[PDB]
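Here the protein sequences line up with chains L and H, keeping their order. Going by the entry's author numbering, the first sequence opens with residue 1, and the numbers climb by one from there. Going by the entry's author numbering, the second sequence opens with residue 1, and the numbers climb by one from there. No residue lacks a Cβ here, since even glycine has one placed at the ideal position from N, Cα and C.
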Amino acid sequence: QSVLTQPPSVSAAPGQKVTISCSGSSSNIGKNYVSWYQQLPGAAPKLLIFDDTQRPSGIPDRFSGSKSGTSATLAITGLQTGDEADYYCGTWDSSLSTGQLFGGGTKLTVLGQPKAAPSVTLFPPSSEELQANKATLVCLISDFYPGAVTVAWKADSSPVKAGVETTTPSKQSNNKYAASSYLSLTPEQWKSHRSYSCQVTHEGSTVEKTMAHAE
Amino acid sequence: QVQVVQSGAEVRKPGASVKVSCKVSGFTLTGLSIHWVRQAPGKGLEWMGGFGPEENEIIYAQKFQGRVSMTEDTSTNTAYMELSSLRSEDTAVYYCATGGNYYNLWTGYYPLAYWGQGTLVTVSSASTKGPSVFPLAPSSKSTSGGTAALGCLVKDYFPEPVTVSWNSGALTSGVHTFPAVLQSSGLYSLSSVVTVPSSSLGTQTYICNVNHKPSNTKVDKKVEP
């Protein structure tokens with residue numbers, strides 16, 4: 001009972017209405033005022049609703065809040081791709097010690113989008129990195145959907161497992177995903193082989209690009 | 001014109017303490033105004049402490065009780081949070097927040113309307129290390145259809161975070177700055193890429209501005225074809 005919870009995950013398409021509930025008990029939502037917060041990736045939380053129902057200045061009428069029993073609901077109408085964010089409820093709890101609660105948060109995913117195949121772009125080690133006796137090959141993976149790829153590297157057709165690091169995909173500002181993968185090598189490994197390849201697998205389809213020092 | 005500005009990212013060793021500041025303008029701190037909230041990577045918001053309706057004094061969440069201190073300095077309009085006996089699980093972004101002028105006098109209630117930008121505190125025994133910055137040069141590999149991709153590789157730093165801008169902030173369109181990877185060496189690395197008109201390449205200078213404040217590192221790399 002000194003706890004707020006929310007569904008971890010909600011999803012809908014552009015133009016739809018979606019709701020997110022926050023469930024508590026008599027000592028918190030039952031007695032106290034609920035506020036809601038939006039949080040974009042990287043960013044500080046932003047106040048969306050306060051005092052159960054009120055919007056601050058600057059928040060659009062598409063967002064509304066209500067309360068009933070020991071639950072509270074945020075509603076978003078005319079869903080936009082920009083509304084993709086984490087959402088949190090908060091209220092004071094009057095019990096015990098205790099003070100301010102937040103719900104565990106809800107990731108709202110906006111599901112407009114069609115399948116798109118990744119583009120793969122490779123950069124060889126720079127001249128400055130090689131002068132510093134290192135070499136990093138960079139594979140940039142872009143404009144894909146959905147947001148799940150696997151990346152493998154090859155030297156001349158044989159797999160290279162050691163020295164690979166790949167980011168978890170994140171949204172580009174056009175709403176498709178991008179990711180990156182790095183292969184660390186010695187300068188002499190880089191200068192020797194005929195070639196190195198980044199192979200990106202997405203929804204059962206593999207695309208690869210290939211490069212070599214001679215180029 | 002309400003702004004809230006926190007101190008920079010910090011790394012601290014297990015068992016040590018950290019002290020975050022929070023400077024507020026456009027509103028006068030009362031001494032009772034500031035709440036602190038943290039967020040561990042990929043987890044939800046967790047209130048740490050602040051002033052509540054009933055009890056007329058600063059209140060701390062039971063997880064932090066024996067080891068946190070929250071002060072508020074009215075002559076300096078600055079607020080401070082000190083957390084000691086730090087552990088791994090104290091790696092988090094720490095936020096201060098306030099109601100500002102969102103105080104309702106018919107019920108006493110305020111929401112948290114104004115938040116700082118966050119201060120990342122990393123709890124680790126690894127040493128602070130500034131990045132090397134390398135250009136990712138545009139080529140015909142990175143060129144299709146009148147546009148070309150170029151970038152900067154920001155390699156081998158600790159702790160998070162770094163910032164990258166392009167052309168001192170004049171270039172924002174077409175920019176994508178990736179999340180860092182944490183490498184098996186225990187150092188981070190990331191890249192930032194921008195797509196530009198391939199017609200510009202001859203003539204327009206492209207410079208990535210990289211800052212890593214925990215190591216006082218500032219590098220501006222010109223990226224050429």
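Counted as a single uninterrupted DSSP element, the alpha helix (DSSP H) harbouring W190(L) occupies residues 187-192. For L130(L), the enclosing alpha helix (DSSP H) begins and ends at 127-131. Counting only residues of its own chain and dropping the five nearest sequence neighbours on each side, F64(H) has a CB closer than 8 Å to the CB of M48, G49, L83. Excluding the 5 residues flanking it on each side, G116(H) has same chain C-beta neighbours closer than 8 Å at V4, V5, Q6, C22, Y95, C96, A97, in chain order.
Of all residues in the stretch 151-176 of chain L, those with a C-beta nearer than 8 Å to a C-beta of chain H are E165, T166, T167, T168, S170, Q172, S173, reading in chain order. For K46(L), the secondary structure class from DSSP, reduced to helix, strand or coil, is strand.
Segment contact: the stretch 132-150 of chain H against the stretch 73-88 of chain L, fewer than three CB-CB distances shorter than 8 Å; contact not assigned. The beta carbon of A61(H) falls within 8 Å of a beta carbon belonging to chain L, placing the residue at that interface. Between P131(H) and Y157(H), the C-beta gap is smaller than 8 Å, which places the two residues in contact. Using a CB distance below 9 Å, the part of the stretch 118-142 of chain L facing chain H consists of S119, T121, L122, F123, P124, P125, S126, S127, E128, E129, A132, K134, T136, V138, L140, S142, ordered along the chain. Distance check between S199(H) and each of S139(H), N104(H), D220(H), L182(H) places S139(H) closest, using alpha-carbon atoms only. At a C-beta separation below 7 Å, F63(L) has no neighbours in chain H, since its nearest C-beta there lies roughly 14 Å away. Closer than 9 Å at the C-beta level to chain H, one finds these residues of the stretch 78-101 of chain L: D86, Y88, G90, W92, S94, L96, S97, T98, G99, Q100, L101. Just measuring C-alpha positions, the residue of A9(H), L29(H), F27(H), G26(H) sitting nearest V20(H) is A9(H). Only exposed fits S173(H), as fewer than 16 other CB atoms lie within 10 angstroms of its CB.
When C-alpha distances from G24(L) are compared across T81(L), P41(L), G90(L), the shortest belongs to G90(L).
Segment contact: the stretch 26-34 of chain L against the stretch 120-132 of chain L, fewer than three CB-CB distances shorter than 8 Å; contact not assigned.
Against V210(H), chain L offers no close residue; the least beta-carbon distance is about 14 Å (beta-carbon pairs closer than 7 Å).
Of the candidates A180(H), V219(H), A113(H), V219(H) places its Cα closest to the Cα of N211(H). For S35(L), the closest Cβ of chain H is nearer than 8 Å. One alpha carbon belongs to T19(L), the other to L48(L), and they sit about 14 Å apart. Under DSSP, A155(L) shares a beta bridge with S158(L), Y196(L). Linking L150(H) to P45(L) through their CA atoms gives a straight-line distance of about 32 Å. No Cβ-Cβ contact shorter than 8 Å links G99(L) with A113(H).
Under the three-state reduction of DSSP, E72(H) is assigned to strand. Here the C-alpha atom of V18(H) lies approximately 8 Å from the C-alpha atom of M81(H). Beyond the five residues adjoining it in sequence on each side, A40(H) comes within less than 6 Å, by CB distance, of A92 in the same chain, given in chain order. Take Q183(H), set aside five residues on each side of it, and the residues of its chain with a beta-carbon closer than 7 Å to its own are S189, in chain order.
If you check the CB distance, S181(L) and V151(L) come in under 8 Å. Annotation: the continuous beta strand (DSSP E) that includes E46(H) extends over 45-51. In the assembly as shown, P125(L) is a buried residue. Its beta-carbon has 16 or more other beta-carbons within 10 Å. Residues of the stretch 17-35 of chain L with a C-beta less than 7 Å from any C-beta of chain H: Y33, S35, listed in chain order. Rounded to the nearest whole angstrom, the C-alpha separation of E72(H) and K107(L) is 34 Å. Between the alpha carbons of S2(L) and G105(L) lies a distance of about 16 Å.
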